[PDB]
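What follows is the residue order along each chain.
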Amino acid sequence: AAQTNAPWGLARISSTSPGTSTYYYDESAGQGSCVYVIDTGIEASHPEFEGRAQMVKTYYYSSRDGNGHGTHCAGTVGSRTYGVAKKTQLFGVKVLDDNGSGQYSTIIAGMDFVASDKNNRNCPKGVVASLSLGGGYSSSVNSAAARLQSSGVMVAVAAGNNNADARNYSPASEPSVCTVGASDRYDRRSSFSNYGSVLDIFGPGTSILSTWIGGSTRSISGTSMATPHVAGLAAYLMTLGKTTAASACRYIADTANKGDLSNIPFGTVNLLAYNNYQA
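About the cut-offs
Residues numbered from 1 in each chain as written, not as in the entry; some residues may be left out. Heavy atoms only, no water. Axes fitted to C-alpha atoms, helices over the stretch in contact; angles between N-to-C directions. Helix = DSSP H or I, 4+ residues; strand = E, 2+ residues; numbered from the N terminus. Parallel < 35°, antiparallel > 145°, perpendicular 65-115°, else oblique. Left-handed = near helix turned anticlockwise from the far one by under 90°. Contact = heavy atoms within 4.5 Å. Nonpolar A, V, L, I, M, F, W, Y, C, P; charged D, E, K, R; others polar. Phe/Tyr/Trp six-rings, centres within 6.5 Å; stacked < 30°, edge-to-face > 60°. Buried < 20%, exposed > 50% of the residue type's maximum accessible area, 1.4 Å probe, protein only. Disulfide = S-S within 2.5 Å. UniProt positions renumbered as here; feature names shortened; annotations may be inferred.

## Some thoughts on the packing of helix α5 (residues 223-240) against helix α6 (residues 245-254)
Remark: α5 packs on α6, axes separated minimally by 11 Å, with the N-to-C direction vectors making an angle of 115°. Between α5 and α6, the angle falls in the class roughly perpendicular. Crossing of α5 against α6: the hand is right-handed. Listed contacts from α6 to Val-230, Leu-233, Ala-234 and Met-238 of α5 are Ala-245, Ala-248 and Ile-252. Classifying every residue of the contact of α5 with α6 by side-chain character gives 7 nonpolar, no polar and no charged.

## Quick notes on the packing of aromatic side chains
Pairs of aromatic rings are described using the distance from one ring centre to the other and the angle between the two planes. Enumeration according to the criterion identifies 2 aromatic pairs in this entry. Judged by centre distance (4.7 Å) and plane angle (5°), the ring pair of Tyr-23 and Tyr-25 falls under stacked. No difference in accessibility class separates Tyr-23 from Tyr-25, as the two residues are buried. Measuring from ring centre to ring centre gives 5.2 Å for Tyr-36 and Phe-91, while their planes differ by 40°; the resulting arrangement is tilted. Taken together, the residues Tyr-36 in strand β3 (residues 34-39) and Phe-91 in strand β5 (residues 89-94) connect sequence positions 55 residues apart.

## Quick word on the UniProt feature "disulfide bond" in the protein chain
Where 2.5 Å serves as the upper bound for a disulfide, the S to S distance of 2.0 Å between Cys-34 and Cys-123 confirms the link that UniProt reports. Of this pair, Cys-34 sits in strand β3 while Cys-123 sits in the loop between α3 (104-120) and β6 (127-131), placing them 89 residues apart in sequence. In this pair, the class of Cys-34 matches that of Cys-123, namely buried. Of the disulfides listed in UniProt, the one joining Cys-178 and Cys-249 is reproduced in the coordinates: its sulfurs are separated by 2.0 Å, less than 2.5 Å. With a gap of 71 residues between them, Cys-178 in strand β10 (residues 178-184) and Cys-249 in helix α6 connect regions that are remote in the sequence. Exposure class is identical for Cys-178 and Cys-249. Each is buried.

Structure follows, in structure tokens:
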């Protein structure tokens with residue numbers, strides 16, 4: 001399959017080198033795995049989804065998504081057009097306020113909730129979760145990902161805007177999960193990317209065009225956005241039948257484009273993610 005003039009992210013991961021606008025991917029397309037959008041949830045009534053989206057839990061009053069960045073990244077996970085895993089089902093948790101922030105009680109809550117929910121949904125191919133989130137180191141929030149990870153849910157966590165070493169930040173810091181950094185179209189680590197030995201991968205995170213609340217669609221900037229790309233990709237590949245939840249984070253890392261990046265400070269990884277699709 002070959003969806004064209006594609007968001008550079010999608011195009012980049014389909015391709016061993018930059019300067020291409022076509023997302024190639026399988027027929028499967030991530031059909032039948034589950035992805036766990038842990039953000040400000042989703043506006044599933046957006047056309048792009050076709051009703052593969054649903055708000056499964058909301059630690060707030062209104063399931064309906066307010067901020068949008070939540071929905072946005074669900075779009076990059078698996079909308080029809082902007083999505084990596086175009087055929088996947090998508091499950092909004094709402095752990096965040098509609099002005100971005102939210103309590104660590106309530107993230108851990110929602111990290112613990114997907115460990116539950118995965119039984120209550122049908123995820124033969126396997127569950128993924130995205131945490132386009134984090135803040136200061138907190139051993140709990142890290143355990144709240146390794147606990148989630150130990151369950152057989154592939155967790156993909158963002159590294160952060162802060163241009164530090166990601167070691168300071170949770171749930172990025174965690175050993176077991178997939179920390180993700182962000183490339184720009186010219187294969188430079190974006191300067192808003194958080195780096196470190198901890199990391200295992202760089203997605204596309206600079207200027208990603210995806211869905212947006214109120215039916216619209218737009219382009220935003222963040223490692224936040226690099227996460228689904230890997231998430232939707234791990235959804236894509238657990239579907240193709242190429243890993244468990246616990247082995248994906250390596251197999252994504254093992255089958256990546258080594259030494260493709262510029263702006264890689266010493267210690268940090270030099271991988272960019274790649275769907276490896278012999279078209």
